[PDB]
Amino acid sequence: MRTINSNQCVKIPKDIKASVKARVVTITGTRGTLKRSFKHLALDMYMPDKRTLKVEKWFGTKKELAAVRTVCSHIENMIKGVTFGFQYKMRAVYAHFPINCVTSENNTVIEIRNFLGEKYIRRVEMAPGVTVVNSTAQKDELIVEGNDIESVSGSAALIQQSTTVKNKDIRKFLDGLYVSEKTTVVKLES
Amino acid sequence: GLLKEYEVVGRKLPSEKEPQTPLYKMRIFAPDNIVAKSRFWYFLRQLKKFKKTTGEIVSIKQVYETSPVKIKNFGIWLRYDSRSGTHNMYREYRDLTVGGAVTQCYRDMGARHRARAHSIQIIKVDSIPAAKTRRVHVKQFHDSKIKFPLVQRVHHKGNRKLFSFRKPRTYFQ
Amino acid sequence: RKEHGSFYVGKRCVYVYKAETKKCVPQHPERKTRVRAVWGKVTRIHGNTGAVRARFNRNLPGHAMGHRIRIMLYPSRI
Amino acid sequence: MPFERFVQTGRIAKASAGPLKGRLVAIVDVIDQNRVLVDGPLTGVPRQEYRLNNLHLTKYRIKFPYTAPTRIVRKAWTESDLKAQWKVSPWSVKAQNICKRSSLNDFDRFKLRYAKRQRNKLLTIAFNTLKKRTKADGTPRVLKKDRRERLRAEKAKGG
Amino acid sequence: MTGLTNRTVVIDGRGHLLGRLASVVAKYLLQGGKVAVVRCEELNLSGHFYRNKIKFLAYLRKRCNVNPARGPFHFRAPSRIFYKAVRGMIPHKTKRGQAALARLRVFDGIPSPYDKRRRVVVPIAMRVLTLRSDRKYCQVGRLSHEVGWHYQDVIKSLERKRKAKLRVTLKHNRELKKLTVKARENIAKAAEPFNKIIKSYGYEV
RNA sequence: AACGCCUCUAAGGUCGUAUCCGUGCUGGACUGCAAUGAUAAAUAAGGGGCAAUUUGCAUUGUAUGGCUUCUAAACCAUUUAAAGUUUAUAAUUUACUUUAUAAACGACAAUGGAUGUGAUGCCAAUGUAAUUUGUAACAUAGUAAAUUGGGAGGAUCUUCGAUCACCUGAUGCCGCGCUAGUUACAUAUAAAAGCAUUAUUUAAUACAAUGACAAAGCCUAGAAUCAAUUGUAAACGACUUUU
RNA sequence: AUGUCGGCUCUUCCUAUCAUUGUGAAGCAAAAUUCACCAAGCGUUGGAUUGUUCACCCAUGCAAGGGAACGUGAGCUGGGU
RNA sequence: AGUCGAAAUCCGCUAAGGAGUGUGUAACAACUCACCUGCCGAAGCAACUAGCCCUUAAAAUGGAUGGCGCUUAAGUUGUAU
RNA sequence: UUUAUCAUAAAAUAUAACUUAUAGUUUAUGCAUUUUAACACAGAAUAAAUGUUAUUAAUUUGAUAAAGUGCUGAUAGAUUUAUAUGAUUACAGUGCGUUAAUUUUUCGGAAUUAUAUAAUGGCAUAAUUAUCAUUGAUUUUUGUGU
Numbered sequence: 001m002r003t004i005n006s007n008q009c010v011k012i013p014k015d016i017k018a019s020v021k022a023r024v025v026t027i028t029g030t031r032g033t034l035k036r037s038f039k040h041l042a043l044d045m046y047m048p049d050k051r052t053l054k055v056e057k058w059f060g061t062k063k064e065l066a067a068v069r070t071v072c073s074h075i076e077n078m079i080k081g082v083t084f085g086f087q088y089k090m091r092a093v094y095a096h097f098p099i100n101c102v103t104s105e106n107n108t109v110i111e112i113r114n115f116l117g118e119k120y121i122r123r124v125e126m127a128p129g130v131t132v133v134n135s136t137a138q139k140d141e142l143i144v145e146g147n148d149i150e151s152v153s154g155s156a157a158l159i160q161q162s163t164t165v166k167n168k169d170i171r172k173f174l175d176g177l178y179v180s181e182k183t184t185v186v187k188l189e190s
Numbered sequence: 005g006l007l008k009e010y011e012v013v014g015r016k017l018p019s020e021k022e023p024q025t026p027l028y029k030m031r032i033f034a035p036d037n038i039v040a041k042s043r044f045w046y047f048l049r050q051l052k053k054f055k056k057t058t059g060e061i062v063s064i065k066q067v068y069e070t071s072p073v074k075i076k077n078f079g080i081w082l083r084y085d086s087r088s089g090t091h092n093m094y095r096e097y098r099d100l101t102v103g104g105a106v107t108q109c110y111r112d113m114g115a116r117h118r119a120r121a122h123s124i125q126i127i128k129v130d131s132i133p134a135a136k137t138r139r140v141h142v143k144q145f146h147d148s149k150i151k152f153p154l155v156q157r158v159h160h161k162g163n164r165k166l167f168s169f170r171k172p173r174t175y176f177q
Numbered sequence: 080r081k082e083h084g085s086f087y088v089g090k091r092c093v094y095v096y097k098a099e100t101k102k103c104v105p106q107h108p109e110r111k112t113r114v115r116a117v118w119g120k121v122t123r124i125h126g127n128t129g130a131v132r133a134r135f136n137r138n139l140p141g142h143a144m145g146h147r148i149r150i151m152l153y154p155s156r157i
Numbered sequence: 001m002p003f004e005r006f007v008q009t010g011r012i013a014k015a016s017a018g019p020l021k022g023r024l025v026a027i028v029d030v031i032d033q034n035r036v037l038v039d040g041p042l043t044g045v046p047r048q049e050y051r052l053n054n055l056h057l058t059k060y061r062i063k064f065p066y067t068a069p070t071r072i073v074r075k076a077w078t079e080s081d082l083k084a085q086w087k088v089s090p091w092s093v094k095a096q097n098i099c100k101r102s103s104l105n106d107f108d109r110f111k112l113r114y115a116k117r118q119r120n121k122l123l124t125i126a127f128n129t130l131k132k133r134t135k136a137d138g139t140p141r142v143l144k145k146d147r148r149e150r151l152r153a154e155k156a157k158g159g
Numbered sequence: 001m002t003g004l005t006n007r008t009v010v011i012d013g014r015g016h017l018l019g020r021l022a023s024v025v026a027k028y029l030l031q032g033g034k035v036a037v038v039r040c041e042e043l044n045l046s047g048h049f050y051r052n053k054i055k056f057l058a059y060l061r062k063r064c065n066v067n068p069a070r071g072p073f074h075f076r077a078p079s080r081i082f083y084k085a086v087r088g089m090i091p092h093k094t095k096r097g098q099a100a101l102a103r104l105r106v107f108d109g110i111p112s113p114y115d116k117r118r119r120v121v122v123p124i125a126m127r128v129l130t131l132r133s134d135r136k137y138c139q140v141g142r143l144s145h146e147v148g149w150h151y152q153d154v155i156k157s158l159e160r161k162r163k164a165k166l167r168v169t170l171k172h173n174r175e176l177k178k179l180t181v182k183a184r185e186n187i188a189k190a191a192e193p194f195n196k197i198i199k200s201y202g203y204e205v
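Protein chains in written order, with the entry's author numbering: chain CH, 1 to 190; chain CS, 5 to 177; chain Cf, 80 to 157; chain CM, 1 to 159; chain CO, 1 to 205.
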């Protein structure tokens, strides 16, 4: 019905310094910078002379103002991505063959093998500014660091989406590497 | 057209077993004088016996609503025929003039439901004050102070030069 | 737009072009005859946006389409 | 919110495309997405409604109630003193090619467009006003410092 | 130059819609026109890419079956995607409407003098006057690459060549205006100089 | 996200087919385009380029009523119909970069234009048109030009692309001709009696363009094909080769 | 006066998918199979009898789709009528 | 034994606990719902109905809103000059 | 309607105190000040904005008609041997031959009555034909007076 206003205001804290610039948002904190654009959604983004930032849509129809409540939630991920970081975890369930995953320097991509006793040495790269080292302190666990949530998660679903068992059953051949913990890196303890 | 408003009055011409037959009146929105006088009979061939000529049209007049610069929000009652589907409705518009918010109905009812205007009947039209308007697209146009910075023109495309020289940079801020 | 081409109605438009011959003297003020002109007169307006019709003396041979004719400024209302 | 033009009562708007072209009206209320009321008493426009695509907006709000009659808009229109601060609005001078460059009669044009040769014949000989590296001197300025002594001292020639 | 206007009307193709710029140009070219449209890899098409993918991929399967060489020659530049339009809008089977495409040169990647000559915008066919919010558009840059145009990165490097020496010809001209505004000072006491133009302009002083 | 929550989706990013598109491969805008090599006979005379051409005739194209001219100097560096753009300022910095602060503009009148965006001409007349008109006086401003060696500089089916524009060594001395304003003075021209003049609108001046002649120096001295041969080729042509 | 069955030869096209590539589901443990989606790119045979087309039979095959100009007689053949 | 399926059948306890709600759990039992209040606090939930859009919607030369192209339209419905 | 005047209402937002909130601010976690586009119907007062009634100022408003109202622009067209066997004349329009004052410019013009009507329209009245509705109105034949 082309309703008039639906604006959200992200609550910027004290430690991080943001800037919307004509729509692109560059937020600087502890762990780095996450300069990302929204030159496609076409809101009216605005830091009202304060710390905070407010998106605002005028006369968008119904689908348009659904996308207000996401860009105010993309931003507060790029808040947490630079003060606490984004870290997933992998657990690598298997039945009979131990999935001998490895990575190294540099070779902070990955190099996993013995799925499922196949000779195909599967190799999964990582998104930039994002590293994989194998998790210590645990049997067959992994750690994907990084600040951008989608460059953590999307780079940590490639290790999940292959390996998958092809051409067989999947409700009995339950092997693979799956995500167990989607955590921060710092807050509050880790 | 723009659907002026009339008040059209009937007679049942007075044959001798009953003189003075009892003078019914209507409220008609039609584009013109004479089509108002033939909505009247289509809407007399449902309520009274009474056709032409068994009846007359005693004085009609076009009426010129009362406050043409007040910002009243109308609420019209309606009856309309679908493809299969004669249905009641109840619709609401904001307009200064009553016949401007019946013609606001027609061009909206005709668009949104395909509703060709011979299968729409007006069965009440009244001004509805506020806090009775239901219709969400009305009652967002209520709250003074209403800020609403829709930087709006038509932004005439393009201007007096077809092969212009200047690249019109809409926003201008 | 149509108020613009409503200015030129009545003006002797001319279509000017050339030909190989002279075949003729300078009879009135000196004539070389290498240039041919078909005189006309703008008649009415045509478009809804300021095009215009003009009846000529003979009839414009249509390989003249897209070539310039000269609408004169005379006979002038002010 | 970069505080753009708002359609608010009574944000002062100058109309174009319709029959109120060249009129500074005041909004009174909002009827629609696309229409408003309109009331400019001093500029000579009574209370109409108006298609919002036709009127363009200025930086001038003024305070009334939204139910105001014209007489108190007229009271407010003069009280905040629009009339004197609009004919100096920083591109309301650039309105006034409408009063000066529009039709600019042919009892105006020649004089106003013959001096552009006056101005320019004194401008192009105000070129090679040069500092950029030559300085100094760029021979054949043995002859031209005599010509360039008529820029500096200038008594009488070079030098 | 000299003509019915000039002997050219150079149009930048950047940001314009492909078919509204065509029917403006195919009308103007029948008026006796001479246009020369540049940067054709930048013409925007409406709809998203997998709409116009499918439509150019349907216009290339229309080939003759008896002998495909006779059948519709499907040109894959961006400037021939646009020149194909201005032939649907021109009577190209006549000796009048064949001289109307011989005024049309159409380029893609703005060369050779159409890089110093002033080129103009057609606001009737601009995208951001016509096409709404929320509505995806395309460019004929990527359409021609994904249908086999082997010179996309050819001309992108040639663009950055003439983008690069544009900054050399603007910093010639940015400081040169700074000389004029100093050259404007010495003439304020010329004789009675500027008064006759400023009394009709004065809004730029 | 809508829909306080879930959700592969609405916006956004991804994974991805024996398909599709391209490469690789075969034909080539029949006769597209670029690069290149030679550039005739003669050597007495000629013939062929250089060439604006200098030297005239004479035409076309044109600014066509002195100039209904134009300029072949720019307005973002992913994009977004509110979307933002410039401007200083301070820091940053190859960069109008980056960042901050403050302005202006309020998608108006206006800006689709004359910022005539290195600031167009509408002319040096100091009587300006279908010719040019002279000389002093005074004020400020004060150009435009012509000869010698090294560099950096410039290529998108070109309006002239082995040249080229700037710049230094440096030759030299226009001191030929600048201009604007105020005032004076010296002449010449110009009038087609048509007084309801126009006509197949001439045409110039000038610009530019050839064209052809007697007029003008320079430069130039090769090939192809057929016939004969070959046999990598062959119906015939054509192709590969040879004196 | 449009040569009227077939076969032989040879083209291309269509999907209403038989197999192969990519996937989804299963009363999917593996193997084998069935259901469904995107898919026409490459395939889709040798023979006994009969003039026939479908036909059935032997054999090959992890695995033997169906059709279009009643395709095709100055292409042949001439077995059928 | 509250509980594959129940004739019945109330209540007691009590803001709120039923001869009882749950995994194709044979006993007890574990176990959770219903419910209430805490929590937050503006509208929310469902069955319809008909507009355009979609799916349904599959044929053989290459191909047709007549063509180009169009997507705040150059589409569709209601109108205006 | 609108402007305008009236009287009361009853006051739904805007000028017009000071909270709190919010950040940016100072000074030692608070205050001090600064923008509240957080802005407490948070108050007073005002708009008697709004609400009620009534009247209107060049009495204000369009459309719908008629009049020539006053024209200004353009377009195309123009039969004709009207005696090659029958009006070129009826029209009106100009230039000579009562009057008198009135006025104006003074160079014109200018104006003025009675001069004879049936008088037609207007008024009063009589009169009658015939009627929507009938207090009346509409007439009709008129006639008289004015």
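Beta carbons: idealized from backbone N, C-alpha and C, even for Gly.
Neighbour flag for residue i against chain CH, beta carbons, 7 Å
i, result
"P69 (chain CM)", "no"
"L154 (chain CS)", "yes"
"residue 4 (chain CS)", "In the structure as shown, chain CS starts at 5 and stops at 177, and residue 4 (chain CS) therefore has no counterpart that could be examined."
"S133 (chain CO)", "yes"
Outcome for residue i when other beta-carbon atoms lying within 10 angstroms are tallied against a minimum of 16
i, result
"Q108 (chain CS)", "buried"
"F127 (chain CM)", "exposed"
"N173 (chain CO)", "exposed"
"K8 (chain CS)", "buried"
"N77 (chain CS)", "buried"
"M126 (chain CO)", "buried"
"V66 (chain CO)", "exposed"
"residue 161 (chain CM)", "Any question about residue 161 (chain CM) goes unanswered here, given that chain CM covers just 1 to 159."
Close Cβ partners of residue i (< 7 Å) along its chain, the five nearest in sequence each way excluded
i, result
"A127 (chain CH)", "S151, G154, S155"
"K101 (chain Cf)", "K111, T112, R113"
"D99 (chain CS)", "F78, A105, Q108"
Integer-rounded CB distance, given that residue j should sit under 8 Å from residue i
i, j, result
"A95 (chain CH)", "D175 (chain CH)", "6 Å"
"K89 (chain CH)", "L158 (chain CH)", "Actually they are not in contact, since the Cβ atoms of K89 (chain CH) and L158 (chain CH) sit about 15 Å apart, beyond 8 Å."
"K21 (chain CM)", "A15 (chain CM)", "6 Å"
"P35 (chain CS)", "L6 (chain CS)", "7 Å"
"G89 (chain Cf)", "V121 (chain Cf)", "6 Å"
"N77 (chain CH)", "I12 (chain CH)", "About 13 Å separates the two Cβ atoms, so there is no contact after all."
"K151 (chain CS)", "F6 (chain CM)", "5 Å"
Residue-level contact to chain CO via CB, residue i, 7 Å cutoff
i, result
"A42 (chain CH)", "yes"
Cut-off 8 Å between Cβ atoms - residues of its own chain near residue i, not counting five sequence neighbours on either side
i, result
"residue 201 (chain CH)", "As displayed, chain CH neither begins before 1 nor continues past 190, which places residue 201 (chain CH) out of reach and without an answer."
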